[PDB]
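Participant: all I have is the shape, not the residue letters:
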Ligand SMILES: Nc1ncnc2c1ncn2[C@@H]1O[C@H](CSCC[C@H](N)C(=O)O)[C@@H](O)[C@H]1O
Ligand SMILES: Nc1ncnc2c1ncn2[C@@H]1O[C@H](CSCC[C@H](N)C(=O)O)[C@@H](O)[C@H]1O
C-alpha cells in the first residue's frame, strides 16, 4: 500500500535541539502537521516545508483535550489514506506525554500502512543535563502528576522522582490564558505525607530560547502552599524530587554476585563522585583520592592497547554512510536492493564493496577500522 | 575567567540522531574529546573538527572502569585548566548511564569555569519510539540492572519497568571480546520472584545503523534460563517489563478532584482490544465540517530578518556568546529588523520577542499529555 506516516520531534530549546533525521524527513514530506510552542521553531519549520498546517488551532477554551487529540490524529491519517507520505511534528520527544502520536501510528499500522516514530529530546532529558543528575544513580520514577494522585502510584524515597504536568492538576480542558490550578493543594498534601514538610522540591523550567537560563529554584514542600509561589508553576513546569536517604546493600545478593566472599562486609557509604547537589545534607565527596591519583599516574606512560582498533576507512565509504543517515531517498534505495545500490557507489575498496552489499553490522565495521592480530563485537558500557 | 567545558551527545542511530546544537559546538571547539561506539559516527565527527582524541583507548582488558572514567575526565579538565574551550562527546544522551561526564563537569564547576551539558537522544527514548509505549501511561521505572539487585530496588507491577546494562550484571571491568555474563541467573531469579515465570520480558536493541531493524523479542521470564537465549544478551541490550494489571482509582481523590484510552499496550499480558472510533471520537471528528481558529489563537507573523537572526543564535555558538556578552551592541548590529524587533532583541526578555513574532488579538501552554 502507498502512503506512510512518520512522527518526529523538535526537542525543547528553539531549533538547536532538533535532530538531523527529523529535519530531513520534514523536508522530504509531502505534507506536514506540527504542534510546537515556540515561534522561532515554527518559523524554522515553515522554512523547510511549504505545506504545513498548525495543529495548535484545535485547542480551545473549555474544550476537552481528548477531543483535540482525536481531531489531530485523524487529520494526519486522512492524508495517509490518500497515499501520501505524511510527517507529524510534536515538540520535544513526540511519544513522551503525547496522546495523538500513538493513536495515529496504531491506526496506520492496523490498516496496513507503513508507520514509524523517530525519537527526540524530551523535557526529562533537559532535566538530567541541567540539574546534573543521572537516572542510574539511584534510579528514576517518572509519573503524570494527576495520574500519580488518582491511582496512588508508589513513591520510592530512595530514588529520583520526576513529575510532569504539575500545572494542571485534575484539569481535563484547555484555556488560552492559562490554568486556574486550584487543585494544586492535593499534590502538595501528598508530597508532604510521603516526604515531609521540609523536604526539597526543585521547580524546573528548561530554557526555550537559546539565550535564556533555566529555572532551578529549590523550595520546601511547605513553601509550595504560599499563593505567590504556587502561581509561578505553569504549563511548562516540571518537579524534581531528590531521594530522602541512601538504601542499604543486600548482603545475600553481594555474595550471590561474588563481589565479596563468604565472610566479608561491604564498605558502607562508599560514594561515587560527584554527589547529588540537590539531595539535602549530602556530604562532600573529594574528587581526588589515592585510588583516583594512581589511575591518573598511568596517564603518563599510557599508550593505546593492543586490541584497540583505530578507525581506518575511505572517503567513498564515509561519504556513503553519511548519505544513508541524512538522505531518506538514498536509504530507501539501499533497503530496496543492497547489492545494486552498492554497485553504483564509486571508489569503494573490495572489502568495502562486499561489506556494503551484505549490509551486516559485523562486516562493515571490520571494513572501516584496522584489525589487530587476534568477527568483532560491540561494547559501550560507560555507566 | 577563561576556560570552558561543554559535553554533548550523538544519539543512538549513526549521525541522524545527533542534534543540530551538538554539531555546531563540535565544529566550534578548540579541542574535541569523543566516546562513540559506531564507526560512521566517529568518521563523521572527525570531518567536522580537526583536533580530536578518541577516549575509547583508555579501556583495557581487566581494567576497572572507574579508573578509566577518572582518566577520561582528567584528560578533558587538564585542557580546561589551560584556559581552552573544549567539548566532550558521548553517544546517546551524554548524561544517561555515563559516569565521567558528571565528574568532569563537577571538577570544572568547582574550579570556577563555565560548564554545561547539552542533552541528547537516549536508548530509553528509542525504546518508547520502537516499542510504541508512553511513559505517561502508566508510569515508568528506570534502573541500572546491578543496582536494581544490590539495593533491592522496589518494582511496581502496574507501571513500565526499564532495565539498562543487563548484559554485564556484577561486572566491574572491561574486555574487547565480550562479557562472560554468568551471573545473569540471579537477575532472572529476581524477575521470576517479582512477576512470575510466565510474565513477558521484551529484549530490546535499538538499530545503530540506519538500515538496521531493532531487536524487539518477547520472552517469558522462564525462557531466560535457557543457555542459547541468555547468550543473546550483550553490551547494547536493554529489558522492558510491561505491567501485569491496571490499578484501581482512588475513590477519595477522584471526588476531591473535580474505559481504556486507545491504543492498548500491545505487550501487556491479557489486555483486550480497544475500539479506536468510539461514538465520542466520531462526534469530535464530526466537528471537522466547520472549524476556524479560535479568537485568542495567535498565528505566527514574523519577518525573514527576525526569523534568520533567532535561528543564527541557535546555530552559531559564538554569536550566542556575543549576544550574551553584550545584548546592546549585538541587537543594534543586526540589519533590517523593524522598530519593535530590534528593541525586542536588545531586551532579550521572553515576552517581548514573542510579541514581535506572533499576531496578538485584542485582549506558554503546551499540554498534549
Ligand atoms: N520547557 C520545559 N521545561 C520543563 N518541563 C517542560 C517544559 N516544557 C514542557 N514540559 C513538561 O511537559 C509537559 C507537557 S506534555 C509534552 C512533553 C513533551 N512531549 C516532551 O518531550 O517533553 C508539561 O506539563 C511540563 O511538565
Ligand atoms: N542500541 C541499544 N539498544 C538498547 N539499549 C542500548 C543500546 N545501546 C546502549 N544501550 C544501553 O545503554 C547501556 C550503556 S551505558 C550508555 C547509555 C547511553 N549514554 C544512552 O543514552 O543510552 C547499555 O548497557 C544498554 O543497556
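Facilitator: Thanks, I have it. Numbers count the residues shown, from 1 in each chain, chains lettered A, B, ... in the order given. Ligands and ions are numbered 1, 2, ... in the order given.
Participant: how does chain A divide into domains?
Facilitator: Chain A breaks down into these domains under automatic domain parsing: A:4-121, A:124-241, A:251-301, A:315-368.
Participant: looking at those domains, which is buried most?
Facilitator: With neighbours taken as mean count of other C-beta atoms under 10 Å in any protein chain shown, the domains of chain A reach their highest mean count in domain A:4-121, at a mean of 22. Backbone N, C-alpha and C define where each C-beta goes, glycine included.
Participant: how long is that domain end to end?
Facilitator: This stretch, domain A:4-121, spans 23 Å end to end (C-alpha to C-alpha, to the nearest Å).
Participant: what residues does chain A put near ligand 2?
Facilitator: A:380-383 (C-beta under 6 Å from any ligand atom).
Participant: let's see if you can find the most crowded of those.
Facilitator: residue A:382 (22 neighbours; other C-beta atoms under 10 Å in any protein chain shown).
Participant: residues touching that residue, list them.
Facilitator: B:35, B:65, B:69, B:90, B:97-100 (C-beta atoms under 8 Å, 6 or more residues apart in numbering or on different chains).
Participant: check the secondary structure at it for me.
Facilitator: Secondary structure, DSSP: H, G, I helix; E, B strand; the rest coil: residue A:382 is coil.
Participant: what does chain A put close to ligand 1?
Facilitator: A:12, A:90, A:92-93, A:96-98, A:122-123, A:164-165, A:167, A:204-206, A:208, A:235-238.
Participant: show the end-to-end separation of stretch A:323-339, please.
Facilitator: 16 Å.
Participant: what sits up against it?
Facilitator: Under C-beta under 8 Å, 6+ apart, the answer for stretch A:323-339 is A:20-21, A:24-25, A:28, A:341-342, A:356-359, B:13-16, B:40, B:209-211.
Participant: recalculate using a threshold of 7 Å.
Facilitator: Residues outside stretch A:323-339 that contact it (C-beta atoms under 7 Å, 6 or more residues apart in numbering or on different chains): A:20, A:24-25, A:28, A:341, A:357, A:359, B:14-16, B:210-211.
Participant: and it, how far from the chain's centre?
Facilitator: Remark: stretch A:323-339 is offset 26 Å from the chain centroid, using C-alpha atoms, centre = their mean, to the nearest Å.
Participant: in the stretch 51-200 of chain A, what residue comes closest to ligand 1?
Facilitator: residue A:92 (2.4 Å; C-beta to the nearest ligand atom).
Participant: got the contact list for the residue lying closest to that residue once chain neighbours are set aside?
Facilitator: Once flanking residues are discounted, residue A:92 sits nearest to residue A:122: 4.9 Å by C-beta to C-beta, 6 or more residues apart in numbering or on different chains. The contact partners of residue A:122, taken as C-beta under 7 Å, 6+ apart, are A:92-93, A:96, B:125.
Participant: if we use 8 Å, what do you get?
Facilitator: Contacts of residue A:122 by C-beta under 8 Å, 6+ apart are A:9, A:12, A:92-93, A:96, B:125.
Participant: ditto for residue A:71
Facilitator: A:58, B:284-285, B:287-288 are the contacts of residue A:71 under C-beta under 8 Å, 6+ apart.
Participant: with respect to ligand 2, which of those residues is nearest?
Facilitator: residue A:58 (33.7 Å).
Participant: so that closest one sits against residue A:70, correct?
Facilitator: No - if you go by C-beta atoms under 8 Å, residue A:58 and residue A:70 don't touch, sitting 9.5 Å apart.
Participant: any residue of stretch A:143-159 touching chain B?
Facilitator: Yes - using C-beta under 8 Å from any C-beta of the partner chain, we find that stretch A:143-159 touches chain B at A:143-144, A:146-154, A:156, A:158-159.
Participant: start to end distance for that stretch?
Facilitator: 13 Å.
Participant: just stretch A:311-330 next, same as before
Facilitator: Counting by C-alpha to C-alpha: the opening and closing residues of stretch A:311-330 are 24 Å apart.
Participant: chain center to it, what's the gap?
Facilitator: Using C-alpha atoms, centre = their mean, the offset of stretch A:311-330 from its chain centre is 26 Å.
Participant: same question for stretch A:154-167.
Facilitator: The answer for stretch A:154-167 is 17 Å, by C-alpha atoms, centre = their mean.
Participant: repeat that for stretch A:308-317.
Facilitator: On C-alpha atoms, centre = their mean, the centre of stretch A:308-317 falls 30 Å from that of its chain.
Participant: what's the answer for stretch A:281-291, then?
Facilitator: With C-alpha atoms, centre = their mean, you get 30 Å for stretch A:281-291.
Participant: which residues touch that stretch?
Facilitator: A:271-276, A:296, B:66-67, B:103, B:106-107, B:110.
Participant: ok, now with 7 Å
Facilitator: Contacts for stretch A:281-291 (C-beta under 7 Å, 6+ apart): A:271, A:273-276, B:106-107.
Participant: next one: stretch A:364-372
Facilitator: Stretch A:364-372 is contacted by residues A:306-307, A:309-313, A:317, A:351-352, A:355-356, A:376, B:39 when judged by C-beta under 7 Å, 6+ apart.
Participant: end to end on that stretch, go ahead and measure it.
Facilitator: 16 Å.
Participant: and stretch A:367-376, by the same measure?
Facilitator: 11 Å.
Participant: cool, and stretch A:108-119?
Facilitator: 18 Å.
Participant: now stretch A:200-213
Facilitator: Span of stretch A:200-213 from end to end, C-alpha to C-alpha: 21 Å.
Participant: that one close to chain B?
Facilitator: Yes - contact between stretch A:200-213 and chain B, assessed by C-beta under 7 Å from any C-beta of the partner chain, occurs at A:209-212.
Participant: hmm, who's touching that stretch?
Facilitator: A:12-14, A:16, A:38, A:123, A:126-127, A:130-131, A:191, A:214-221, A:224, A:233, A:236-242, A:278, A:280, B:313-314, B:320, B:323-324, B:348, B:350.
Participant: with stretch A:251-263 instead?
Facilitator: A:266, B:149-150, B:170, B:183, B:186.
Participant: near chain B, anything from stretch A:47-67?
Facilitator: Yes - applying C-beta under 7 Å from any C-beta, one finds stretch A:47-67 touching chain B at A:57, A:60-61, A:65, A:67.
Participant: the contacts of residue A:382: which two are farthest apart?
Facilitator: Using C-beta to C-beta, the pair of the contacts of residue A:382 lying farthest apart is B:65 and B:90, separated by 13.8 Å.
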